[PDB]
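Worksheet: the structure to be examined is printed underneath.
Readers should treat all values here as calculations from the given coordinates under stated rules, not as data from a laboratory. No Cβ is skipped: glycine too gets one built from the backbone with ideal geometry, and neighbour counts run over all protein chains shown.
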Ligand SMILES: Nc1ncnc2c1ncn2[C@@H]1O[C@H](COP(=O)(O)OP(=O)(O)OC[C@H]2O[C@H](O)[C@H](O)[C@@H]2O)[C@@H](O)[C@H]1O
């Protein structure tokens, strides 16, 4: 029942980090750590598909067959679907880098997930979004490095743009603790 949280205001925006389950967030948008196929998986992708219900998979399949003409979603890029049975209005699906598959591009590619998702929130005039810890599960990205990239990217975006609320939802107290220390470090540098 205790779930740690902390927040920081950046101009008129708010950045919050929390322990929780992203499928229970009532932000306008939640972000899925997907794979290029968009057909689901385990971890957060599996949780989102289970919570959203079977209409999500159908929607992803139709997006693959029509708008993508069978192509997979590239690493760092985003697509948007409805939230279906989630408490959110939309799901932004992204694909994080698989750790050390492309060592010279992966920091940029991870940042892209966050920047592209936030640009889409801006475009659609949505005012709240939740992120998971993209790429730090099965994709193997070290949490200390990923948390730095995630937070630096979000902070920079919120310094330069009006968005609203950005939440990072950590699934463990271990990840939360690391995020908290990184966020505090980054705030002191502002
Ligand atoms: N309900 C949840 N809410 C928030 N975070 C969660 C939840 N469940 C897990 N996490 C955390 O979410 C974070 C990311 O872990 P992972 O979900 O493996 O994502 P990746 O980007 O590394 O792997 C993508 C692949 O895994 C899938 O099969 C896809 O289809 C791809 O094949 C971790 O901190 C988890 O503990």
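Some observations on this one:
- Matching residues, the range 27-51, being part of a helix (DSSP H, G or I) and within 6 Å of the ligand (Cβ to nearest atom): 43, 44, 45, 47
Rundown of residues vs (1) touching a strand residue (DSSP E or B) at 6+ places or on another chain (Cβ under 8 Å); (2) within 12 Å of the ligand (Cβ to nearest atom), yes/no style:
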position	(1), (2)
111	no, no
127	yes, no
132	yes, yes
147	no, yes
154	yes, no
159	yes, no
164	yes, no
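- In summary, residue 136 fulfils each of the numbered conditions (1) farther than 21 Å from residue 32 by Cβ; (2) in contact with a helix residue (DSSP H, G or I) (Cβ under 9 Å, 6 or more places away or on another chain); (3) within 14 Å of the ligand (Cβ to nearest atom) with the single exception of condition (1).
- Listed conditions (1) more than 12 Å from the ligand (Cβ to nearest atom); (2) over 15 Å from residue 87 (Cβ atoms); (3) touching a residue at least 24 places away in the same chain (Cβ under 8 Å) are all met by residue 19, apart from (1).
- Options 70, 36: the member that is closer than 26 Å to residue 153 by Cα and over 12 Å from the mean Cα position of the chain (by Cα): 36
- When restricted to residues that are touching a helix residue (DSSP H, G or I) at 6+ places or on another chain (Cβ under 6 Å) and on the phi > 0 side of the Ramachandran plot, the range 63-92 contains 2.
- Selection within the range 91-112 - in contact (Cβ under 8 Å) with a residue 40 or more places away in the chain and surrounded by 20 or more Cβ atoms within 10 Å (Cβ to Cβ): 91, 92, 93, 94, 95, 96, 97, 110
- Filtered residues of the range 164-190 (kept if touching a helix residue (DSSP H, G or I) at 6+ places or on another chain (Cβ under 6 Å), in contact (Cβ under 8 Å) with a residue 60 or more places away in the chain and either surrounded by fewer than 19 Cβ atoms within 10 Å (Cβ to Cβ) or more than 24 Å from residue 46 (Cβ to Cβ) (or both)): 183
- Cβ separations smaller than 8 Å between residues 6+ apart or across chains give no pair from the range 137-149 residues that are free of Cβ contacts under 8 Å to residues at least 24 places away in the same chain to residues that are near the ligand (Cβ under 9 Å from one of its atoms) and not in a loop (DSSP other than H, G, I, E, B).
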